Every structure is written in C-alpha cells, then in structure tokens.
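Down below is the structure, laid out as structure tokens.
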Amino acid sequence: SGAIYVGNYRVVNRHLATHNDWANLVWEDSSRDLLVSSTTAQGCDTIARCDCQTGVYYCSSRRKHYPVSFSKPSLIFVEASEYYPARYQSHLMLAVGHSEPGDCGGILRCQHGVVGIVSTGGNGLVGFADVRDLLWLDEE
Ligand SMILES: Cc1nn(C)c(C)c1NC(=O)CC#N
Ligand SMILES: [Zn+2]
C-alpha cells in the first residue's frame, strides 16, 4: 500500500484505488496502473522533475529502503498479475530488487524528490510507475 500527496492530489496504484478515490477522480490510466484523486488538505510531497536512474525505494515486504539503479520509463511486457492481464504496462521503470504485490505504493525517490511508486515485480525485478512526466501534479 502507499500514496504520494502533492498539492490537492493523492497518487495511488489504480488497482488499489478506493471507492473514495473513484468518487473524487482527477485522472486514471490503466496502462500505467496510476490513479489520482482530489484532496481536501494540500499535500507537500515533491515530485522529481529529472532524468535520474538512481534512487532509493521503500520495500514493505522487507521493512527496508534499498538504493537502486533503474531504467527510464518505457512500455514493458509484464507477466499476468492479480489485477492486470499479461500486457504492455506503460511509463514503467525497472530495477533489480525485491517486490511482492503488497509492496505496491512504496515510494522511489531521487535527489529531486518522488520519482514513482512500486507497481510490478517478479524474477528479481521491481517495476515503478513513473510520475515525473505528470507536470500538472505541480499546479492547478
Ligand atoms: C510490486 C509487485 N511485485 N510483484 C511480484 C508483482 C506481481 C507486483 N505487482 C502486482 O502484483 C500488481 C498487480 N496486479
Ligand atoms: Zn532525480
């Protein structure tokens, strides 16, 4: 589980979005496993705006933050999972590391702030849904 809280936005894995999230929808994209809902309270999480391929992620299934190298966001074939069929997930970054389904929503952070959230895993790879291209999370 886990979210990003920036301005009047809450950024969650689309597959973990609540009824309250869908009742307060701003933007969702199934191909990226992202959903953004409206917040009453201002958020102050800083979104990275950068090209970084090094950072740190939170892994709930180890209670540990791990430093990783990761690929730039891309369209990647992800084995069938419980919530998406076998498919191209878009805007996905991969790193060598541990992840289990409930790690979804752990933050990946670089020197510039929040890069993304844990979304895919298996075969020793963890995938993160990028948010750095979502420039509108900054404004309005
Ligand atoms: C973070 C992660 N690690 N692993 C092994 C898998 C399958 C995931 N993602 C999901 O299961 C999301 C769905 N459906
Ligand atoms: Zn960065």
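Lettering and numbering for the structure tokens are positional, with chains as A, B, ... in the shown order, residues counted from 1 in each chain, and ligands counted from 1 in the shown order.
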Would you tabulate, counting only C-alpha atoms and all ligand atoms, all residues of chain A that have an atom at most 9 Å from an atom of ligand 1, showing the closest pair of atoms and their distance in Å to one decimal, sorted by chain then ascending number, as a tab-separated table?
residue	atom	partner	partner_atom_place_in_ligand_line	distance
A:13	CA	ligand 1	12 (C)	8.4
A:15	CA	ligand 1	14 (N)	6.9
A:16	CA	ligand 1	12 (C)	9.0
A:33	CA	ligand 1	12 (C)	8.3
A:78	CA	ligand 1	7 (C)	8.4
A:79	CA	ligand 1	7 (C)	7.7
A:80	CA	ligand 1	14 (N)	7.7
A:81	CA	ligand 1	14 (N)	4.3
A:82	CA	ligand 1	14 (N)	4.1
A:83	CA	ligand 1	14 (N)	4.0
A:84	CA	ligand 1	14 (N)	5.3
A:85	CA	ligand 1	14 (N)	8.3
A:98	CA	ligand 1	3 (N)	7.6
A:99	CA	ligand 1	3 (N)	4.2
A:100	CA	ligand 1	3 (N)	3.8
A:101	CA	ligand 1	11 (O)	3.7
A:102	CA	ligand 1	1 (C)	6.5
A:103	CA	ligand 1	1 (C)	5.3
A:104	CA	ligand 1	1 (C)	4.8
A:105	CA	ligand 1	1 (C)	8.2
A:106	CA	ligand 1	1 (C)	8.8
A:118	CA	ligand 1	1 (C)	5.4
A:119	CA	ligand 1	1 (C)	4.7
A:120	CA	ligand 1	9 (N)	3.6
A:121	CA	ligand 1	3 (N)	3.1
A:122	CA	ligand 1	5 (C)	4.0
A:123	CA	ligand 1	5 (C)	7.7
A:124	CA	ligand 1	5 (C)	8.3
A:125	CA	ligand 1	3 (N)	8.0
A:126	CA	ligand 1	3 (N)	6.1
A:127	CA	ligand 1	1 (C)	6.7
A:128	CA	ligand 1	1 (C)	8.0
message: When you look at residue 42 of chain A with a cut-off of 9 Å (counting only C-alpha atoms), what residues show up, excluding the ones that are within fewer than 2 positions of it in the same chain? I need them as number ranges by chain.
response: A: 5-9, 39-40, 44
task: Taking the chain letters and numbering used in this document, name the residues of chain A that DSSP puts in helix (DSSP H, G or I), as a PyMOL selection string.
output: chain A and resi 14-16+19-23+30-32+101-103+135-138
field: Given 9 Å and only C-alpha atoms and all ligand atoms, residues near ligand 2 as a list in words
entry: residues 48, 49, 50, 51, 52, 53, 54, 55, 109, 110, 111, 112, 113, 114, 115 and 132 of chain A
Put those residues in a file: C-alpha atoms, as an mmCIF file, in the first residue's frame.
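Result went into result-v1.cif, see below:
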data_model
loop_
_atom_site.group_PDB
_atom_site.id
_atom_site.type_symbol
_atom_site.label_atom_id
_atom_site.label_comp_id
_atom_site.auth_asym_id
_atom_site.auth_seq_id
_atom_site.Cartn_x
_atom_site.Cartn_y
_atom_site.Cartn_z
ATOM 1 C CA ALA A 48 11.133 14.774 -9.100
ATOM 2 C CA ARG A 49 11.488 16.593 -12.488
ATOM 3 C CA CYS A 50 14.571 14.917 -13.881
ATOM 4 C CA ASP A 51 16.211 12.072 -15.858
ATOM 5 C CA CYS A 52 17.660 10.243 -12.755
ATOM 6 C CA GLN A 53 18.281 6.468 -12.971
ATOM 7 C CA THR A 54 19.498 6.196 -9.318
ATOM 8 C CA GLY A 55 17.407 6.444 -6.200
ATOM 9 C CA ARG A 109 12.904 8.828 -4.536
ATOM 10 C CA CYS A 110 15.972 10.537 -6.080
ATOM 11 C CA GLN A 111 17.851 13.692 -5.114
ATOM 12 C CA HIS A 112 14.959 15.686 -6.871
ATOM 13 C CA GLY A 113 12.107 14.056 -4.820
ATOM 14 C CA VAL A 114 9.429 11.394 -5.676
ATOM 15 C CA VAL A 115 10.109 9.517 -8.928
ATOM 16 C CA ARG A 132 7.841 12.610 -13.218
#
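Our summary of the geometry notes that atom CA of residue 47 of chain A is positioned 23.2 Å from atom CA of residue 20 of chain A.
Restricting the calculation to only C-alpha atoms, the smallest distance between residue 59 of chain A and any of A:4, A:129, A:107, A:134 is found for A:107.
Each of A:31, A:43, A:131, A:108 was compared to residue 69 of chain A using only C-alpha atoms, and A:108 turns out to be the nearest.
With only C-alpha atoms as the basis for measurement, A:116 is the residue among A:139, A:66, A:95, A:116 that approaches residue 3 of chain A most closely.
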- prompt: If you count only C-alpha atoms, which residues fall within 10 Å of residue 77 of chain A, apart from same-chain ones fewer than 6 positions away, as a PyMOL selection string?
  reply: chain A and resi 86-90+92
Mind dumping the selected residues with N, CA and C atoms as a PDB file, in the first residue's frame?
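Produced file selection.pdb, reproduced below:
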ATOM      1  N   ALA A  86      -1.577 -10.267 -18.652  1.00  0.00           N
ATOM      2  CA  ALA A  86      -0.263 -10.138 -19.316  1.00  0.00           C
ATOM      3  C   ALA A  86      -0.423  -9.062 -20.394  1.00  0.00           C
ATOM      4  N   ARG A  87       0.441  -8.041 -20.400  1.00  0.00           N
ATOM      5  CA  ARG A  87       0.228  -6.824 -21.228  1.00  0.00           C
ATOM      6  C   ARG A  87       1.473  -5.935 -21.237  1.00  0.00           C
ATOM      7  N   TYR A  88       1.449  -4.902 -22.074  1.00  0.00           N
ATOM      8  CA  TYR A  88       2.385  -3.755 -22.006  1.00  0.00           C
ATOM      9  C   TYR A  88       1.889  -2.798 -20.921  1.00  0.00           C
ATOM     10  N   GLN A  89       2.640  -2.680 -19.826  1.00  0.00           N
ATOM     11  CA  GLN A  89       2.405  -1.558 -18.882  1.00  0.00           C
ATOM     12  C   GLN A  89       3.268  -0.404 -19.365  1.00  0.00           C
ATOM     13  N   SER A  90       2.746   0.817 -19.436  1.00  0.00           N
ATOM     14  CA  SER A  90       3.479   1.996 -19.968  1.00  0.00           C
ATOM     15  C   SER A  90       4.121   2.796 -18.817  1.00  0.00           C
ATOM     16  N   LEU A  92       6.805   2.620 -17.227  1.00  0.00           N
ATOM     17  CA  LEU A  92       7.299   1.684 -16.197  1.00  0.00           C
ATOM     18  C   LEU A  92       8.847   1.681 -16.144  1.00  0.00           C
TER      19      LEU A  92
END
- line: Correct to one decimal, the distance atom CA of residue 73 of chain A-atom CA of residue 117 of chain A is 12.2 Å
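Here atom CA of residue 91 of chain A is placed at a distance of 19.6 Å from atom CA of residue 1 of chain A.
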